[PDB]
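With mmCIF, C-alpha atoms inside, this is work_15.cif:
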data_query
#
loop_
_atom_site.label_atom_id
_atom_site.label_comp_id
_atom_site.auth_asym_id
_atom_site.auth_seq_id
_atom_site.Cartn_x
_atom_site.Cartn_y
_atom_site.Cartn_z
CA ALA A 97 31.04 -6.85 11.97
CA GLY A 98 29.22 -9.95 13.40
CA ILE A 99 29.68 -13.60 12.24
CA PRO A 100 27.43 -16.75 12.73
CA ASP A 101 28.18 -19.80 14.95
CA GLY A 102 27.43 -22.12 11.93
CA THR A 103 30.57 -20.85 10.02
CA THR A 104 34.41 -21.03 10.39
CA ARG A 105 36.66 -18.37 12.04
CA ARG A 106 39.94 -19.61 10.35
CA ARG A 107 38.67 -18.11 7.02
CA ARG A 108 42.17 -17.48 5.46
CA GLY A 109 42.28 -21.21 4.47
CA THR A 110 39.94 -20.18 1.54
CA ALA A 111 39.55 -16.32 1.72
CA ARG A 112 42.50 -15.49 -0.67
CA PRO A 113 43.01 -13.60 -4.01
CA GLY A 114 42.90 -15.63 -7.29
CA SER A 115 39.49 -17.28 -6.55
CA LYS A 116 37.67 -19.89 -8.73
CA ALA A 117 35.55 -17.09 -10.28
CA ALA A 118 38.61 -14.86 -11.01
CA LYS A 119 40.57 -17.76 -12.67
CA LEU A 120 37.49 -19.02 -14.62
CA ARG A 121 36.71 -15.43 -15.87
CA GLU A 122 40.40 -14.92 -16.85
CA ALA A 123 40.27 -18.19 -18.88
CA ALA A 124 37.02 -17.00 -20.60
CA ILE A 125 38.47 -13.52 -21.43
CA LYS A 126 41.75 -15.14 -22.73
CA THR A 127 39.65 -17.57 -24.89
CA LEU A 128 37.43 -14.72 -26.25
CA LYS A 129 40.56 -12.52 -26.95
CA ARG A 130 42.41 -15.43 -28.72
CA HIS A 131 39.66 -16.24 -31.31
CA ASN A 132 38.95 -13.66 -34.09
CA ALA A 133 35.81 -15.65 -35.16
CA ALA A 134 32.71 -16.47 -33.01
CA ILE A 135 32.63 -19.51 -30.61
CA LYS A 136 29.82 -21.92 -29.43
CA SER A 137 28.75 -22.25 -25.74
CA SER A 138 30.12 -25.86 -25.65
CA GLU A 139 33.45 -24.88 -27.35
CA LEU A 140 33.79 -21.87 -24.99
CA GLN A 141 33.11 -24.07 -21.89
CA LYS A 142 35.57 -26.81 -23.06
CA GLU A 143 38.41 -24.28 -23.60
CA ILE A 144 37.56 -22.39 -20.32
CA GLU A 145 37.58 -25.57 -18.18
CA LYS A 146 40.85 -26.83 -19.81
CA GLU A 147 42.62 -23.41 -19.43
CA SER A 148 41.44 -22.67 -15.83
CA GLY A 149 41.52 -26.32 -14.61
CA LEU A 150 38.06 -25.53 -13.03
CA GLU A 151 34.37 -26.39 -13.64
CA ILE A 152 31.79 -23.69 -14.61
CA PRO A 153 29.27 -23.49 -11.63
CA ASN A 154 26.26 -22.63 -13.90
CA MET A 155 26.59 -21.65 -17.62
CA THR A 156 23.61 -19.20 -17.57
CA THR A 157 24.77 -17.35 -14.41
CA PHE A 158 28.48 -17.37 -15.38
CA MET A 159 28.11 -16.19 -19.03
CA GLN A 160 25.70 -13.41 -17.84
CA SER A 161 28.24 -12.35 -15.12
CA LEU A 162 31.08 -12.45 -17.73
CA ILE A 163 29.03 -10.17 -20.09
CA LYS A 164 28.05 -7.85 -17.14
CA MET A 165 31.75 -7.45 -16.12
CA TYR A 166 32.92 -7.24 -19.81
CA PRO A 167 30.26 -5.57 -22.10
CA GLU A 168 32.64 -6.11 -25.10
CA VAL A 169 31.52 -9.82 -24.97
CA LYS A 170 28.60 -10.12 -27.50
CA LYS A 171 26.17 -12.93 -28.59
CA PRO A 172 26.03 -13.28 -32.46
CA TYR A 173 23.69 -16.34 -32.12
CA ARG A 174 21.66 -18.57 -29.66
CA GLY A 175 24.50 -20.20 -27.64
CA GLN A 176 27.26 -18.45 -29.73
CA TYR A 177 29.60 -15.65 -28.47
CA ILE A 178 32.34 -13.21 -29.72
CA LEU A 179 34.53 -10.31 -28.43
CA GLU A 180 33.68 -6.91 -30.05
CA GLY A 181 34.51 -3.61 -28.23
CA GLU A 182 37.27 -1.18 -27.07
CA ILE A 183 38.98 -3.46 -24.44
CA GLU A 184 42.17 -3.58 -26.63
CA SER A 185 44.71 -0.69 -26.82
CA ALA A 186 44.81 1.44 -30.03
CA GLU A 187 47.43 0.58 -32.73
CA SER A 188 50.38 2.82 -33.79
CA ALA A 189 50.50 4.69 -37.16
CA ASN A 190 53.12 6.49 -39.36
CA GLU A 191 53.02 10.32 -39.90
CA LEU A 192 52.59 9.73 -43.70
CA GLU A 193 48.92 8.74 -42.94
CA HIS A 194 48.36 12.04 -40.99
CA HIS A 195 50.12 14.04 -43.80
CA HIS A 196 48.61 14.51 -47.33
CA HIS A 197 49.08 11.25 -49.40
CA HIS A 198 47.98 9.51 -52.68
CA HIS A 199 44.96 7.15 -53.14
#

Could I get this file's structure written as structure tokens?
Amino acid sequence: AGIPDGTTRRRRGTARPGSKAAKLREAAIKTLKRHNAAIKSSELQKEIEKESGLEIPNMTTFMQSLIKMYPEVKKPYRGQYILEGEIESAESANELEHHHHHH
């Protein structure tokens, strides 16, 4: 493919795995997995930016992209988020629950 004259040809100085967006999204998913209760937009940003070591580029665009990638991320309130959906693996159980048992 073609490439402009107004852009660099030594692209491997920045074109690498583990990008800003990947590390920032990983910090958001770790934050949303860690809390069992809901979290505010400000609280979620503060813990994301501390965990990733990176700034959020735009909260509206980023939180929409996070929800689009991970539909288990929900919005219980205006500027308040939670994780609810089958992203986690199913738990183990004993055969006594599958067998007939008392109340």

- Starting from the shown file, work through the PyMOL selection byres ((chain A and resi 130-143) around 9) and note down what comes out as a PyMOL selection string. chain A and resi 123-129+144-148+151-152+155+171-179

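Note that the spacing between CA of residue 122 (chain A) and CA of residue 106 (chain A) amounts to 27.6 Å.
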
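Atom pair CA of residue 183 (chain A) / CA of residue 111 (chain A): separated by 29.2 Å.
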
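If all atoms listed in the file are the atoms counted, then among A:189, A:195, A:180, A:108 the closest residue to residue 163 (chain A) is A:180.
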
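For the pair CA of residue 110 (chain A) and CA of residue 159 (chain A), the separation is 24.1 Å.
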
- Could you tell me which residues the PyMOL selection byres ((chain A and resi 167) around 10) returns for this structure, as a PyMOL selection string? chain A and resi 161-166+168-170+179-183

- Query: Which one is closest to residue 121 (chain A): A:100, A:153, A:158, A:187? Count only C-alpha atoms.
  - Reply: A:158
